[PDB]
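Worksheet for the structure shown next.
In the text below, chain A, chain B and the rest are named by the order of the sequence lines, each starting its count at 1.
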Amino acid sequence: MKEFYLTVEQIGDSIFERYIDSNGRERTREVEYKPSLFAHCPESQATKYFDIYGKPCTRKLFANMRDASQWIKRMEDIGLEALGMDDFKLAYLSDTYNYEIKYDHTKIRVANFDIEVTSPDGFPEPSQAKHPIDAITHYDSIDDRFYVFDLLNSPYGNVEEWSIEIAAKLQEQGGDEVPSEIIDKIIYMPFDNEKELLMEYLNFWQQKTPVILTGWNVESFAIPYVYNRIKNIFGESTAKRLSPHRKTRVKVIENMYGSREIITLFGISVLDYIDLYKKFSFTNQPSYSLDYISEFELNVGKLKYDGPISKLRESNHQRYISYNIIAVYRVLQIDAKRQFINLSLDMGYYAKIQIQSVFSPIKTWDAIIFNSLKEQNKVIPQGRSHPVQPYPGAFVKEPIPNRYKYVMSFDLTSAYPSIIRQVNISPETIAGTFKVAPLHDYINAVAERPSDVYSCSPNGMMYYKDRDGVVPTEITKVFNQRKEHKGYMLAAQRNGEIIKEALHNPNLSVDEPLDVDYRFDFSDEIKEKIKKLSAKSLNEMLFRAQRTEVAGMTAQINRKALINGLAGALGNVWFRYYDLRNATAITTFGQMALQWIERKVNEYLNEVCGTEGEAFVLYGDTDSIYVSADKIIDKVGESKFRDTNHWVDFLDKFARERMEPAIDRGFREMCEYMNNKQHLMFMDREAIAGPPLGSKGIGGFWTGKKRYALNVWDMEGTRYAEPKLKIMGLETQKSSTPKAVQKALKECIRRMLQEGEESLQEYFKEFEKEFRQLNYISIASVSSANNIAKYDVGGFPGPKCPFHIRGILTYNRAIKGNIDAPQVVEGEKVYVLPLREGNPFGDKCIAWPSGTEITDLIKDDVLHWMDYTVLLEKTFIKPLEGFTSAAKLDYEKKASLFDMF
DNA sequence: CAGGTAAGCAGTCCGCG
DNA sequence: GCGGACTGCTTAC
Ligand SMILES: Cc1cn([C@H]2C[C@H](O)[C@@H](COP(=O)(O)OP(=O)(O)OP(=O)(O)O)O2)c(=O)[nH]c1=O
Ligand SMILES: [Ca+2]
Ligand SMILES: [Ca+2]
Ligand SMILES: [Ca+2]
Ligand SMILES: [Ca+2]
Ligand SMILES: [Ca+2]
């Protein structure tokens with residue numbers, strides 16, 4: 001097999017590299033890598049190296065990396081550009097792996113671990129590490145085993161061994177329900193003292209040294225805690241054994257409000273799963289506890305126990321250890337679903353970066369562009385310092401708030417990357433500028449044609465047309481990967497809908513799920529077999545279809561995120577290729593494109609409807625248009641349709657056969673107007689939306705920009721078994737909205753869109769009457785909590801104290817002088833409840849850490865004093881009043897003449 | 001900690017005769 | 001009481 005790196009580090013004048021050799025074995029080597037950098041040279045000096053602008057460069061070979069670094073400094077002192085990859089390990093990888101890397105994940109040691117630490121005096125601070133580590137579960141992907149290190153004797157209690165047999169038993173048998181599929185994979189090691197546990201852990205670590213190290217909060221808790229605890233007991237040199245090169249450093253992570261410390265382990269790639277999840281999942285959760293996320297992702301019940309965690313070990317060590325093992329497994333189950341590790345490996349190896357650099361699109365693109373340019377003996381420019389400057393973004397159309405019955409949407413495929421490719425936007429393709437007319441002049445095609453030579457954006461920028469820039473070239477490659485994966489995602493989705501239809505008529509049989517590839521549209525033979533299957537087999541197939549869809553979604557959406565990130569990287573001052581002219585070329589072209597095509601679509605539809613000045617495009621945001629199809633439906637007449645699906649077909653066909661060609665023609669003209677390099681503005685139908693045929697549903701409504709809801713029947717070629725609500729911006733979509741309120745508002749909207757005003761009124765009246773019975777957590781608002789200390793004036797709200805911060809200050813007073821009560825963590829999320837006047841907490845709200853029950857000390861008082869009236873008014877009635885006035889109906893029945901009977 | 005901008009709503013403070 | 005200036009938070013794209 002071809003060799004591939006595992007990790008790479010620079011340590012002084014050495015590159016330290018762990019890799020897989022040609023025989024599939026893991027090796028390590030120290031290389032005295034001599035880097036090259038570059039300086040401009042005279043034209044009369046023959047060379048093969050040119051900067052991106054075609055200027056000749058001489059290559060400078062240094063005796064060592066420190067010499068190269070010093071030269072860079074002196075070049076700054078002189079005032080001359082020092083060209084080339086200043087991050088020598090990326091140059092090392094580029095030299096050592098000069099080919100498309102083909103990696104084998106089965107050879108990469110992926111470690112997933114979690115630690116337990118009993119603490120009687122509050123949260124165990126990793127930088128202090130003053131409490132014993134009393135459990136470690138460490139799963140190794142190569143052995144496929146969970147290694148359990150269990151401390152039996154501690155100053156906080158001596159316990160009996162954990163029993164695998166009890167762990168396996170059902171909760172109803174007194175057991176812990178550790179999943180049977182992992183029972184045989186547990187290797188259990190009890191220890192009579194902490195020193196021996198830790199020494200054995202380090203010996204194990206030496207044998208099975210993680211390449212990728214993950215787990216939940218490992219970078220902020222487990223890793224610094226283990227490191228610091230070993231450091232406290234044995235000294236620094238022993239703690240550094242966590243690094244295969246015996247090198248670590250404390251890294252200080254700074255944000256706007258403060259800073260925190262992590263431990264960089266040289267020769268390890270830490271991918272904390274919480275951070276993977278936040279970057280790649282495209283969720284925003286009310287809580288990020290593993291219990292909360294596990295429940296969300298896997299629908300597994302919360303790990304139940306009595307008393308505080310600080311007493312769990314001594315009260316029930318059996319459960320304590322089982323829960324540590326289950327916690328490690330949960331992360332593996334989440335990754336089995338979401339495939340974020342797989343994604344990280346793919347993207348890292350593609351770019352030729354340390355795997356942990358996938359978190360940084362700037363680093364990712366710097367490396368991709370460097371490798372691409374190097375292939376042609378081109379030399380990258382030095383990074384420079386830039387002041388942060390604002391610049392313009394997208395256009396958003398102001399919609400008229402209203403109900404909208406029939407709606408068809410269209411948007412650009414991969415909008416910003418397509419603009420980059422079409423216009424040819426790149427650092428080295430800038431050809432010059434032209435005199436700009438007001439945007440509306442280009443939108444209305446009255447402005448002078450910008451250029452007859454170069455490819456243009458309406459911000460005034462011109463680009464060469466003779467060759468592709470490195471940015472278009474490289475963005476195209478990742479776009480193509482994205483498209484492939486989206487294909488699989490959509491096929492899995494469509495396949496899922498076939499199974500849901502079939503589930504309306506399950507056969508009374510004992511049979512098996514079909515062995516099929518869900519990434520490809522079911523053949524007719526598969527469809528026939530499915531129509532004969534039992535519910536059990538069909539549900540298992542649906543589960544598999546949906547897992548395939550999730551897998552496809554991860555692959556596609558994060559590749560989209562990467563290419564979109566290049567468009568923004570051009571507008572980040574730390575990017576080597578930062579240029580506001582290019583960042584603005586993209587966004588301004590986007591503004592023009594949307595408003596251009598809005599005009600073209602209106603003109604086209606006014607023409608086919610025999611009207612003038614009518615607005616068919618009701619809304620648009622960035623790269624999308626929403627078209628009212630009422631008149632199209634009305635031209636055939638609602639009476640002519642057999643069922644809902646009939647008019648959906650008709651609109652689908654109308655969009656595909658009439659609208660899309662018209663849209664394409666309009667964009668080709670725009671491309672020609674801008675003299676662009678390649679027509680790549682492809683605006684395909686997204687949604688077909690309307691009420692169910694013969695119902696009183698309103699179909700859809702807008703309240704304002706970025707706030708709307710649609711009853712969708714077909715999304716990007718997926719025809720749903722059941723209509724699906726596309727809701728954007730409204731309170732149902734906000735993590736700040738109470739969970740039960742999100743649910744109720746969603747049901748109000750469903751009724752509005754599908755059934756009508758009377759159905760909405762029936763549900764409101766019931767919700768208003770019954771909501772007081774809702775569990776307090778389900779009706780609590782949620783907010784991130786920043787700057788708690790800034791607004792704290794002697795434990796009371798300072799001036800301008802935000803509402804959620806006030807709640808926290810209230811909480812802090814109520815738990816005063818408790819090491820045991822859970823503290824609110826600066827920067828994390830809290831639940832927030834309003835309090836009735838005259839309450840014992842002495843303020844109008846209380847907040848406590850999100851994802852948790854409020855401490856028993858105050859729980860009963862909170863329940864007693866909760867202000868249900870304020871809560872309902874603010875989270876439910878106010879937003880619902882917004883939805884219904886926009887939609888022009890009433891959530892409460894108004895009086896009529898009939899009442900007199 | 002980790003590409004970008006546009007823009008919504010909650011809440012504070014305070015004016016508005 | 002609602003709006004504007006402002007802070008804070010959150011989402012759409
Ligand atoms: C979703 C999203 C969009 N955008 C910008 C860049 C996008 O190209 C543009 C339009 O967004 P989208 O229409 O959401 O995405 P897209 O056009 O890139 O891809 P698709 O083919 O799935 O439609 O808005 C971001 O900058 N960040 C984001 O997270
Ligand atoms: Ca724990
Ligand atoms: Ca799009
Ligand atoms: Ca599309
Ligand atoms: Ca059947
Ligand atoms: Ca869009």
Side-chain angles (χ1 to χ4, degrees), chain A residues 219-220 251-262 264 271-272 275-276 278-280 282-284 286 356-366 388-398 411-412 414-417 560-575 577-578 580 582-584 586-588 590-591 594 619-624 702-708 726-737 781-787 790-791 797-807 827 829-830 832 834 844-845 873-875 878-879 882:
Chain A
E219 191 183 68
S220 64
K251 205 195 186 188
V252 47
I253 306 294
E254 298 185 343
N255 58 50
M256 220 148 62
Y257 328 98
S259 75
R260 60 189 181 91
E261 296 183 337
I262 66 168
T264 299
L271 303 174
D272 195 331
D275 289 324
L276 292 177
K278 287 173 181 183
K279 178 176 175 68
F280 295 136
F282 290 78
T283 62
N284 189 34
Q356 68 269 33
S357 283
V358 300
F359 287 110
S360 170
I362 287 170
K363 192 62 157 187
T364 301
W365 284 114
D366 197 44
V388 178
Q389 285 188 303
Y391 70 94
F395 174 75
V396 191
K397 184 184 167 58
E398 190 74 74
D411 70 280
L412 294 166
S414 177
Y416 279 16
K560 157 181 177 173
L562 186 58
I563 57 180
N564 287 350
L566 183 47
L570 291 162
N572 179 301
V573 302
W574 300 108
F575 195 39
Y577 310 101
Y578 169 84
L580 243 36
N582 286 347
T584 304
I586 297 165
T587 62
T588 309
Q591 291 183 356
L594 176 49
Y619 182 68
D621 185 342
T622 309
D623 72 329
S624 70
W702 266 258
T703 81
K705 290 175 179 184
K706 296 187 197 279
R707 291 180 61 88
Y708 60 93
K726 176 180 187 205
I727 304 171
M728 303 308 302
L730 309 184
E731 280 71 9
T732 57
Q733 312 310 107
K734 296 173 82 166
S735 68
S736 48
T737 300
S781 299
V782 174
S783 188
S784 295
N786 302 307
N787 289 299
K790 176 208 269 186
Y791 289 105
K800 280 152 195 160
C801 183
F803 189 84
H804 59 292
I805 302 309
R806 180 181 298 269
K829 291 186 183 176
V830 290
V832 186
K844 63 172 184 190
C845 59
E873 200 55 47
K874 273 155 48 158
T875 71
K878 204 179 171 181

Interatomic distance where CG belongs to A:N786 and P belongs to C:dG8 [whole Å]: 9 Å
Rounded distance (Å) that lies between atom P of B:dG3 and atom CD1 of A:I563: 17 Å
Touch class at under 4.0 angstrom, heavy-atom based, for A:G568 against every strand present: base
Sugar-phosphate, base or nothing in reach of A:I362, heavy atoms under 4.0 Å: sugar-phosphate
Distance in angstrom units between A:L566 CG and B:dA2 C1', rounded: 16 Å
Distance, P atom - from B:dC1 to C:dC9, rounded to whole angstrom: 14 Å
d(CZ, A:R260; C1', B:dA2) in whole Å: 11 Å
Partner residues of A:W365 under the ring-ring contact (aromatic ring centres under 6.0 Å, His included) criterion, sequence neighbours left out: none
A:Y791: partners by ring-ring contact (aromatic ring centres under 6.0 Å, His included), with sequence neighbours left out: none
B:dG4 OP1/OP2 closer than 4.0 Å to side-chain N/O of A:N564: no
Sugar-phosphate, base or nothing in reach of A:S357, heavy atoms under 4.0 Å: nothing
Which residues share a side-chain hydrogen bond (donor to acceptor under 3.5 Å, both in side chains) with A:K844, sequence neighbours left out: none
Distance in angstrom units between A:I805 CD1 and C:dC9 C1', rounded: 10 Å
With sequence neighbours excluded, residues passing side-chain hydrogen bond (donor to acceptor under 3.5 Å, both in side chains) with A:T584: none
Length of the CG-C1' vector between A:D411 and C:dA12, whole Å: 12 Å
Of A:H804 and A:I727, the one whose closest DNA chain C nucleotide lies more 5': A:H804
Results of side chain to side chain contact (heavy atoms under 4.5 Å, CB included) for A:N572 - residues two or more places apart only: A:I362, A:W574
Selection from C:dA12, B:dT12, C:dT10 that lies nearest to any side-chain heavy atom of A:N284: C:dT10
Touch class at under 4.0 angstrom, heavy-atom based, for A:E219 against every strand present: base
Pucker class of B:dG4, where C1'-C2'-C3'-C4' positive means north and negative means south: north
Passing candidate, side-chain contact (heavy atoms from CB on, under 4.5 Å) with A:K734, options A:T737, A:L730, A:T732: A:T737
Touch class at under 4.0 angstrom, heavy-atom based, for A:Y391 against every strand present: sugar-phosphate
Using nucleotides 5-7 of chain C, report all nitrogen or oxygen pairs with the protein that are shorter than 3.5 Å.
from  : atom 1 : to     : atom 2 : distance (Å)
C:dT7 : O3'    : A:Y791 : OH     : 3.3

Interatomic distance where CG belongs to A:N582 and P belongs to B:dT5 [whole Å]: 15 Å
Partner set under side-chain hydrogen bond (donor to acceptor under 3.5 Å, both in side chains) for A:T264, not counting sequence neighbours: A:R249
Whole-Å gap separating P (B:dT5) and CG (A:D623): 18 Å
Side chain A:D275 and base B:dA2 donor-acceptor under 3.5 Å: yes
Six-ring centre of A:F282, A:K560 cation under 6.0 angstrom, axis tolerance 45°: no
Taking N or O atoms only and anything under 3.5 Å, show me the protein contacts with nucleotides 7-11 of chain B, one pair per line.
from   : atom 1 : to     : atom 2 : distance (Å)
B:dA7  : OP1    : A:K705 : NZ     : 2.6
B:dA10 : OP2    : A:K878 : NZ     : 3.0
B:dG11 : OP1    : A:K874 : NZ     : 2.7

For A:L594 against A:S624, the heavy-atom pair lying closest together: CD1-O, 3.0 Å
Results of ring-ring contact (aromatic ring centres under 6.0 Å, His included) for A:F359 - residues two or more places apart only: none
Difference in axis direction between the ends of the helix from B:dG4-C:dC13 to B:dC16-C:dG1, five pairs, 10°: 30°
With A:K397 via salt bridge (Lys or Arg N to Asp or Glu O under 4.0 Å) - residues at least two apart: A:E598
Toward the 5' end of DNA chain B, by each residue's nearest nucleotide, A:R806 or A:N572: A:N572
Polar side-chain atom of A:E873 near backbone of A:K878 as donor-acceptor pair, under 3.5 Å: no
Under 4.0 angstrom between A:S784 side-chain N/O and C:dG8 OP1 or OP2: no
All side-chain hydrogen bond (donor to acceptor under 3.5 Å, both in side chains) counterparts of A:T703, not counting sequence neighbours: A:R707
Candidate nucleotides C:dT10, B:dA6, C:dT11, ranked by approach to the side chain of A:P392 - the nearest: B:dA6
